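Structure first, then comments.
Number of protein chains: 2
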Amino acid sequence: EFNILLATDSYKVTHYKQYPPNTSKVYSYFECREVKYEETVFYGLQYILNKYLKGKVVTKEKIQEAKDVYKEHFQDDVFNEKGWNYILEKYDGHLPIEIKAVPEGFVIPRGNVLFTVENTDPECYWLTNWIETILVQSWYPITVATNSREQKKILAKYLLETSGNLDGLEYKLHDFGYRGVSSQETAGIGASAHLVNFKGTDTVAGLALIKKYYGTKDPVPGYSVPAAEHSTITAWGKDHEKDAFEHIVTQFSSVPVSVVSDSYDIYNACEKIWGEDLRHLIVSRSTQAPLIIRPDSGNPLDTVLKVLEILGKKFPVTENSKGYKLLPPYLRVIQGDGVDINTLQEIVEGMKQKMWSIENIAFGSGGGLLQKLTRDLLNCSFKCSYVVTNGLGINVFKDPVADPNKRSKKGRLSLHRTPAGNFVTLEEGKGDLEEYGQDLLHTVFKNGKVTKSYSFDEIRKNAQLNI
Amino acid sequence: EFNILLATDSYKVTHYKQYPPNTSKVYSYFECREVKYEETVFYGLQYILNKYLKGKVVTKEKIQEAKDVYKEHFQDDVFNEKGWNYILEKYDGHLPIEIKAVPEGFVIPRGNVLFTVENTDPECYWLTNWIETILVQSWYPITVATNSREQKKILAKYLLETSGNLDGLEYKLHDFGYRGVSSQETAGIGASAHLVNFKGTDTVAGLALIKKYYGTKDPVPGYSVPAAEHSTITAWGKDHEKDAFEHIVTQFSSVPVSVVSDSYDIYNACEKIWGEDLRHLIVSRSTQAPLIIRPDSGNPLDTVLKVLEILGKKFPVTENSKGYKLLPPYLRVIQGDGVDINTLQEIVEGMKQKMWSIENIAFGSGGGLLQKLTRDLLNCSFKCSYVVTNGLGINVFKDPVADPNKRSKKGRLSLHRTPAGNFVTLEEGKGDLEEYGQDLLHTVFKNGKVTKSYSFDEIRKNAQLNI
Ligand SMILES: NC(=O)c1ccc[n+]([C@@H]2O[C@H](COP(=O)(O)O)[C@@H](O)[C@H]2O)c1
Ligand SMILES: NC(=O)c1ccc[n+]([C@@H]2O[C@H](COP(=O)(O)O)[C@@H](O)[C@H]2O)c1
Ligand SMILES: [Mg+2]
Ligand SMILES: [Mg+2]
Ligand SMILES: [Mg+2]
Ligand SMILES: [Mg+2]
Numbered sequence: 008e009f010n011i012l013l014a015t016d017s018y019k020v021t022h023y024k025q026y027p028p029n030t031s032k033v034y035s036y037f038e039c040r041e042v043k044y045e046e047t048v049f050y051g052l053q054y055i056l057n058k059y060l061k062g063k064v065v066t067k068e069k070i071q072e073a074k075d076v077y078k079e080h081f082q083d084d085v086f087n088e089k090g091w092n093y094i095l096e097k098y099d100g101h102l103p104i105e106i107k108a109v110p111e112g113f114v115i116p117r118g119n120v121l122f123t124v125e126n127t128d129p130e131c132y133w134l135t136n137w138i139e140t141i142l143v144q145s146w147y148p149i150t151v152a153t154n155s156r157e158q159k160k161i162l163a164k165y166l167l168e169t170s171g172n173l174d175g176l177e178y179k180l181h182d183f184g185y186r187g188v189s190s191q192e193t194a195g196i197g198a199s200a201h202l203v204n205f206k207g208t209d210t211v212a213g214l215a216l217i218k219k220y221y222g223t224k225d226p227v228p229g230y231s232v233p234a235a236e237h238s239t240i241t242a243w244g245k246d247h248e249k250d251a252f253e254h255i256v257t258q259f260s261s262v263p264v265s266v267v268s269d270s271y272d273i274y275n276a277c278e279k280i281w282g283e284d285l286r287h288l289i290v291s292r293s294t295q296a297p298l299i300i301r302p303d304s305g306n307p308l309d310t311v312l313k314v315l316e317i318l319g320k321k322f323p324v325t326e327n328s329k330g331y332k333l334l335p336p337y338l339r340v341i342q343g344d345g346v347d348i349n350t351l352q353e354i355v356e357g358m359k360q361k362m363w364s365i366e367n368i369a370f371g372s373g374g375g376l377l378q379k380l381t382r383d384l385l386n387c388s389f390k391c392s393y394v395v396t397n398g399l400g401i402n403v404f405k406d407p408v409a410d411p412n413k414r415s416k417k418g419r420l421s422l423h424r425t426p427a428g429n430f431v432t433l434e435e436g437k438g439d440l441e442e443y444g445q446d447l448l449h450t451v452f453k454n455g456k457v458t459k460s461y462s463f464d465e466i467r468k469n470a471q472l473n474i
Numbered sequence: 008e009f010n011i012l013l014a015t016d017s018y019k020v021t022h023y024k025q026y027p028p029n030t031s032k033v034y035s036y037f038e039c040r041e042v043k044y045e046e047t048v049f050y051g052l053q054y055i056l057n058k059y060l061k062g063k064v065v066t067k068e069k070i071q072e073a074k075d076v077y078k079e080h081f082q083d084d085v086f087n088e089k090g091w092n093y094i095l096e097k098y099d100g101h102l103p104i105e106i107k108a109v110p111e112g113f114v115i116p117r118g119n120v121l122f123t124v125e126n127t128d129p130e131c132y133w134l135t136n137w138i139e140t141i142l143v144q145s146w147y148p149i150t151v152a153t154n155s156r157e158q159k160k161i162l163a164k165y166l167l168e169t170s171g172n173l174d175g176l177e178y179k180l181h182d183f184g185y186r187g188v189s190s191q192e193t194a195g196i197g198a199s200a201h202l203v204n205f206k207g208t209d210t211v212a213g214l215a216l217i218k219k220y221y222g223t224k225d226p227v228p229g230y231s232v233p234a235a236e237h238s239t240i241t242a243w244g245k246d247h248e249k250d251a252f253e254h255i256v257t258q259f260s261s262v263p264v265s266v267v268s269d270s271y272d273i274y275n276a277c278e279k280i281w282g283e284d285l286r287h288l289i290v291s292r293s294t295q296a297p298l299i300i301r302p303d304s305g306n307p308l309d310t311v312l313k314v315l316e317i318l319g320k321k322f323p324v325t326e327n328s329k330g331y332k333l334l335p336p337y338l339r340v341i342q343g344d345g346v347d348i349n350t351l352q353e354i355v356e357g358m359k360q361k362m363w364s365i366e367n368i369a370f371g372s373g374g375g376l377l378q379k380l381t382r383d384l385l386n387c388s389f390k391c392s393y394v395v396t397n398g399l400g401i402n403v404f405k406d407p408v409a410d411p412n413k414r415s416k417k418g419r420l421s422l423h424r425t426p427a428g429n430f431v432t433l434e435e436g437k438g439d440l441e442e443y444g445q446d447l448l449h450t451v452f453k454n455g456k457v458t459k460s461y462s463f464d465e466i467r468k469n470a471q472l473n474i
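Sequences listed follow chains A and B, in order.
Going from the first sequence to the authors' numbering is simple: count from 1 and add 7.
Going from the second sequence to the authors' numbering is simple: count from 1 and add 7.
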């Protein structure tokens with residue numbers, strides 16, 4: 008059983024003794040610190056609110072467990088047993104906190120307030136930043152969703168140029184990252200963030216998370232197809248690669264099937280096995296059931312270009328209405344090795360330069376999609392901007408001399424539309440002047456209850472590309 | 008609840024139709040592919056065995072749930088209901104799998120077998136690689152534990168050179184990574200891996216994981232100290248930083264206390280506030296209860312060196328028996344911003360060149376320690392090396408033409424010590440010739456039971472530095 012009293016940074020256990028005496032309010036906010044990378048997708052807070060913060064999260068047993076752990080961990084009694092007991096007794100263990108947030112799926116530039124946190128009881132001034140640690144982990148679904156959407160922008164640009172439309176876009180970047188993330192929980196969170204933008208995934212854990220915490224009208228939010236791995240090819244023995252291919256495509260004769268083709272020599276597999284020995288099993292397939300050839304090694308760009316040149320000389324190629332080469336509809340390629348946002352851009356640009364339509368290719372990405380990301384990418388940060396001490400509110404901030412980029416915002420914050428329709432964050436309570444219309448943040452959590460929520464279908468609509 | 012039938016890569020759902028007919032055994036192994044590092048710490052498999060693989064993991068409801076999800080996810084009935092129901096009925100839902108592994112905490116060069124997996128019932132040839140995805144996530148605790156031990160080696164070298172001993176080494180690298188990892192589950196796994204090498208942590212989640220899955224004779228495996236954050240300084244107001252510092256060191260007058268000092272001007276704080284205004288509260292403190300000044304911004308090397316120069320001109324400095332400068336015992340520094348293995352090395356080398364002992368400094372590291380790591384760092388990989396088809400064993404492997412570094416090992420594997428005391432992995436069942444002493448792999452899981460377990464104390468002993 009998760010215990011929120013044990014789900015903070017150790018030093019926060021000692022902070023209730025450090026704030027100014029007679030502090031009744033601590034007010035804090037989360038942002039992606041401003042370096043015009045540009046526009047982030049806000050996603051993932053609703054998971055945290057429901058799984059970890061709502062309802063009766065304090066019990067007498069959890070207080071005693073934490074007391075006993077911290078006594079040994081600090082070799083001292085610093086733990087605030089009385090403060091936690093107050094929440095248990097006064098509010099039946101429900102947190103006296105209010106969180107306001109931008110709607111999930113919203114696409115918003117860096118440097119803006121995304122959510123704010125404050126205590127609703129003066130006795131609980133210390134609780135606001137107790138829960139910093141758990142809320143800051145929202146950096147991860149934000150960053151996965153944002154980086155996935157930035158890859159969708161690249162794919163959309165090159166698909167539109169080379170084909171004239173966006174058909175199939177939502178299946179062009181497939182999540183391969185289940186083995187390459189750091190835990191089962193991370194797999195579900197990260198896969199769900201990718202599914203904000205795309206529909207193809209092998210990280211099954213994302214499906215149940217979406218169903219439980221967000222919801223979709225469709226039975227499931229993402230889809231897959233049968234596909235080989237090296238064990239199912241190499242198990243046949245090195246002299247029997249053709250037999251493995253023949254068996255697999257015949258077992259999956261009326262659905263799309265991906266077949267990894269590089270166990271021994273990708274180029275021989277394409278030109279001689281697929282292109283000659285088994286060609287009669289490929290040209291017979293349906294447009295709804297292509298063979299998808301999967302290289303999985305070598306320089307990603309060089310390998311894709313050579314595979315395409317090989318297949319173009321063994322299969323009938325057409326020229327689409329934009330002038331780009333197109334494999335027949337029963338044959339496609341997926342590159343799933345070494346894919347991240349940089350190599351994805353390299354490959355589609357290299358294909359365009361060689362006059363190959365992006366219709367021909369799809370991508371799989373594991374670590375690059377779900378693991379090779381840190382809180383530094385969008386520079387996600389949670390800071391106190393306002394306190395009330397001795398009944399007087401003061402605007403507070405940090406401004407380190409050697410790094411102006413760690414300067415934080417001052418006072419009570421609100422998010423507004425500008426006259427040109429862009430976003431602005433107002434500081435120092437200036438939203439109250441109503442010169443910029445109403446605050447766009449909404450109360451999503453108050454006093455142990457989730458007060459506003461979004462379906463996964465809503466989030467996908469909010470996160471759409473402009474195109 | 009967790010459902011192992013939904014905890015695999017989607018394509019593995021389809022692999023039972025792809026292996027050669029008449030296959031009764033699939034045998035697979037895990038390694039860190041050869042060389043770039045040398046030596047890895049094997050850690051974290053026992054967590055996975057106990058949390059996810061042992062006991063009754065198949066039920067009628069879980070089979071039906073997976074059947075329903077996969078029907079929608081694939082738009083097709085491909086799920087192996089018969090094969091999963093076989094495990095349910097014959098084995099009461101216990102997995103007929105045997106896993107053999109090197110003892111946890113063992114320090115092993117790259118390119119060696121670390122564990123193997125095989126099915127114990129011919130009907131379950133498909134189950135070996137079903138569980139690849141969950142087992143390969145062991146890359147994360149292995150990589151955290153290894154990267155943390157490599158930092159410990161750097162610290163030990165420089166501490167020995169500048170002071171003559173290793174006193175305090177185990178508290179020199181403190182885990183700050185709770186907010187910077189991707190999930191609660193990752194936090195506990197990663198923090199527990201760092202504690203293989205060190206004893207200081209703020210990532211509380213690691214403590215409960217170790218207690219539940221490994222065990223220590225001590226009450227807790229890691230420890231912390233009171234410390235400020237920017238909210239507990241800046242809440243006092245920009246003009247009252249000195250009041251915040253004075254309150255905090257007085258509240259924690261008899262334990263070590265870390266006080267972040269860079270809210271507005273780290274160099275003013277050190278020279279004028281600590282070095283003059285509050286100096287009388289510092290020079291009175293015990294050797295067991297120093298003030299630890301914490302910069303948190305700017306260039307990490309330049310900032311540490313300038314802080315040390317400032318403090319050495321305001322406080323009495325000694326020269327130790329190695330010739331290096333030493334602050335008084337009541338005053339220390341912790342650098343917890345921008346710390347990874349590369350900047351840690353930069354800082355201790357820069358200190359040595361300026362004749363400062365590493366006794367003066369400690370480090371905190373969050374993302375660099377627990378999040379900025381991928382499966383590519385040690386190149387962790389799980390592959391099939393042996394199968395039995397029509398009662399004949401065959402040695403199988405991949406060997407892609409464009410990347411010899413993706414070549415996998417052949418046949419039945421074993422791990423041995425060499426005559427010179429190093430390690431060798433024997434292939435093709437050659438361990439059976441018994442020219443090389445006992446196999447170092449031990450059965451840790453068989454038919455749903457954990458058969459061999461290690462305490463956290465044993466793991467720490469196995470992972471000790473040579474020195
Ligand atoms: N359906 C699939 O083909 C599938 C699914 C999951 C992982 N994979 C593997 O994932 C690897 C890529 O992972 P990384 O992006 O983490 O390096 C590929 O080499 C690929 O073989 C493939
Ligand atoms: N006890 C502490 O001082 C403590 C604990 C946890 C995090 N932190 C913060 O962790 C940050 C470092 O995080 P990253 O290494 O992920 O960038 C520091 O800037 C530091 O303020 C400090
Ligand atoms: Mg692969
Ligand atoms: Mg790989
Ligand atoms: Mg900081
Ligand atoms: Mg930071």
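Built from N, CA and C at the ideal position, the CB exists for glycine as well.
{"Asked": "May I have a chain-ordered list of the alpha helix (DSSP H) segments no shorter than 4 residues that lie completely inside the segment 262-292 of chain A?", "Found": "286-289"}
{"Asked": "Along chain B, in chain order, which residues have C-beta atoms closer than 8 Å to that of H22 of chain A?", "Found": "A235, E236, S238 and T239"}
{"Asked": "Which of the three DSSP states is assigned to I161 of chain A in this structure?", "Found": "helix"}
{"Asked": "From which residue to which residue does the alpha helix (DSSP H) around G90 of chain A run?", "Found": "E88 to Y98"}
{"Asked": "Helix, strand or coil for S328 of chain A, going by three-state DSSP, please let me know.", "Found": "coil"}
{"Asked": "Residues bridged to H181 of chain B by DSSP?", "Found": "B:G371"}
{"Asked": "Please name the residue, chosen from B:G400, B:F463 and B:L472, that lies closest to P226 of chain B on a Cα-to-Cα basis.", "Found": "B:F463"}
{"Asked": "At a threshold of 7 Å, does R301 of chain B count as lining ligand 2 (C-beta to nearest heavy atom)?", "Found": "yes"}
{"Asked": "Hey, how far is the Cα of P103 of chain B from the Cα of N412 of chain B?", "Found": "32 Å"}
{"Asked": "Using a Cβ-Cβ cut-off of less than 9 Å, list which residues of the segment 178-205 of chain A approach chain B; keep chain order.", "Found": "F183, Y185, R186, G187, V188, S189, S190, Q191, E192, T193, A194, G195, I196 and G197"}
{"Asked": "Give the list of continuous beta strand (DSSP E) stretches no shorter than 3 residues that lie fully inside the segment 369-427 of chain A.", "Found": "387-396, 399-402 and 421-424"}
{"Asked": "Buried or exposed: where does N327 of chain A fall if 16 or more other Cβ atoms within 10 Å of its Cβ makes it buried?", "Found": "exposed"}
{"Asked": "Within the continuous beta strand (DSSP E) that includes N126 of chain B, where are the two ends?", "Found": "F122 to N126"}
{"Asked": "With a threshold of 7 Å, establish whether the CB of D83 of chain B neighbours any heavy atom of ligand 5.", "Found": "no"}
{"Asked": "So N349 of chain B contacts chain A; which residues on that side make the cut at Cβ distance below 8 Å?", "Found": "Residues of chain A passing the Cβ test: none, with the nearest at roughly 14 Å."}
{"Asked": "From the DSSP output, read off the bridge partner residues of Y230 of chain A.", "Found": "A:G207"}
{"Asked": "Listed in chain order, which residues of the segment 94-111 of chain A have Cβ atoms closer than 9 Å to some Cβ of chain B?", "Found": "none"}
{"Asked": "Ignore the nearest five residues each way along the sequence and tell me which others in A235 of chain B's own chain have a CB closer than 6 Å to its CB.", "Found": "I255, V266 and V267"}
{"Asked": "Is any non-hydrogen atom of ligand 8 found closer than 7 Å to the C-beta of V264 of chain A, if you look at the structure I gave you?", "Found": "For the structure depicted, ligand 8 is absent and the ligand set comprises only ligand 1, ligand 2, ligand 3, ligand 4, ligand 5 and ligand 6."}
{"Asked": "Does the beta carbon of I289 of chain A come closer than 8 Å to any beta carbon on chain B?", "Found": "no"}
{"Asked": "Kindly list, in the order they appear in chain A, the residues whose Cβ is closer than 9 Å to that of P129 of chain B.", "Found": "The premise fails here: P129 of chain B is roughly 14 Å from chain A at the closest Cβ pair, so nothing lies under 9 Å."}
{"Asked": "For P27 of chain B, would you say it is in contact with chain A, using Cβ-to-Cβ distances shorter than 8 Å as the test?", "Found": "yes"}
{"Asked": "Would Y178 of chain B pass as a contact of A296 of chain B if the rule is Cβ separation under 8 Å?", "Found": "no"}
{"Asked": "Please work out which residues of its chain come closer than 7 Å, Cβ to Cβ, to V188 of chain A, disregarding the five sequence neighbours upstream and downstream, and give them in chain order.", "Found": "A194, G197, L377 and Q378"}
{"Asked": "Quick check: is the beta carbon of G244 of chain B nearer than 8 Å to any beta carbon in chain A?", "Found": "yes"}
{"Asked": "Compute every distance between the C-beta of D344 of chain B and the non-hydrogen atoms of ligand 5, then say whether any falls below 7 Å.", "Found": "yes"}
{"Asked": "Using a Cβ distance threshold of 8 Å, determine whether the segment 74-90 of chain B contacts the segment 17-37 of chain B, with at least three qualifying pairs required.", "Found": "yes"}
{"Asked": "Chain A partners of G400 of chain B, CB-CB under 8 Å?", "Found": "Within 8 Å Cβ-Cβ: nothing; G400 of chain B doesn't reach chain A, min ~11 Å."}
{"Asked": "Which of helix, strand or coil does DSSP assign to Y221 of chain B?", "Found": "coil"}
{"Asked": "For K379 of chain B, would you say it is in contact with chain A, using Cβ-to-Cβ distances shorter than 8 Å as the test?", "Found": "yes"}
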